[PDB]
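A lone chain, given as structure tokens: the form deposited in one PDB entry.
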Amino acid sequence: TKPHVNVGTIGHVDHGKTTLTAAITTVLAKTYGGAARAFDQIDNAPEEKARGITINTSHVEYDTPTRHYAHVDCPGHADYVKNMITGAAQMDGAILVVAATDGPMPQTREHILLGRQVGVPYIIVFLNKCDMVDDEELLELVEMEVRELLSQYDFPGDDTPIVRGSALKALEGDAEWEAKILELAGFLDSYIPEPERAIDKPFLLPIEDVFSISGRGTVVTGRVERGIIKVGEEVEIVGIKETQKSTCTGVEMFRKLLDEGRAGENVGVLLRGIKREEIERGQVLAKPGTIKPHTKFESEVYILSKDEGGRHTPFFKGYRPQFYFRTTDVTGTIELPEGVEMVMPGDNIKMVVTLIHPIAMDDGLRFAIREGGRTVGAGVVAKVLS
């Protein structure tokens, strides 16, 4: 069917993220077909939980002539912080809403900064509330400021699409302003490339279990997160101990014996010449030379509030929690940012971590911070260091 693209609105409080999300669904419904959604339905976001965190997020769907979008919009700045760090969402692109009446504000900068830390790949801007400002000189200056802010965080500010519009008058039915929503939807379609499919990425399978089987073989089980493993191909077993090479001599699903395992399937992968005791929890299977084992990384983390079931007590530079990467806990030590010495429940910070065992990782890998098997925080690898 139609390509599916994950997007969302980001930007400072009251700059109009919700009004825009409802305008997009409404204008697109009236122009290309679908269901309009009103302000009040999106603004009243439900709660959701995963990785052990609670976030208020509205999920909306809309279509352009050629694509289908799943769009996320959230009530407060804290919701955005939580969603960006985990991957409740996992935006292929974001719409940064900047009210022309205020220019960029503190949360404008923070959402861009986090977008980069967490690897949001593209940002398009909707310069909202242009029905309140006549002055073209002022609109031009606001645009220049946003482009500069974007480039400070490494986004291509000079080449970023910026639409001048009014989410409110578009929502209200003013054709001239509705046309700017259609321009925005055009940039979602032309500026965000079709996302790479998991199936097209290098093979990767987090090992969930291991069995010594029949003849002499060890089988490792897990879900194919990415790519495809074919019988006869070589694999690296990466993480925890020194990388090993092996060959897939079999792929099975229940009683079905297959010639390959593909993205999204739960399989058992038969490994040649590896004994059960060479397999450790936390290891992954990967296409060789495609992911490396690391111990040290920079991350952005959100620490759960007491209320969300997180710690009730703050932590300091000596904190030595477990970092749960895909399938298992790995203890690590932390390094706190400049200034900081106390991290309160409910806080989000950049944290440098050193694990005691290497984990196959690349930027964007998510993790849970655990304490005696209880989730107390959530993070994303922003930069692998060694």
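In case it trips you up, residue 1 is the first one in the sequence shown, and so on.
Heads up, the form deposited in another entry isn't pictured, but that's what we're talking about next.
Within the set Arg197, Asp362, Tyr153, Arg276, the hinge between the two rigid parts that rotate between the shown form and the other one is located at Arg197.
Distance between the C-alpha atoms of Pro337 and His111: longer by at least 3 Å in the other form than in the displayed form. Compared with the form shown here, the Cα atoms of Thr18 and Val380 sit 3 Å or more farther apart in the other form.
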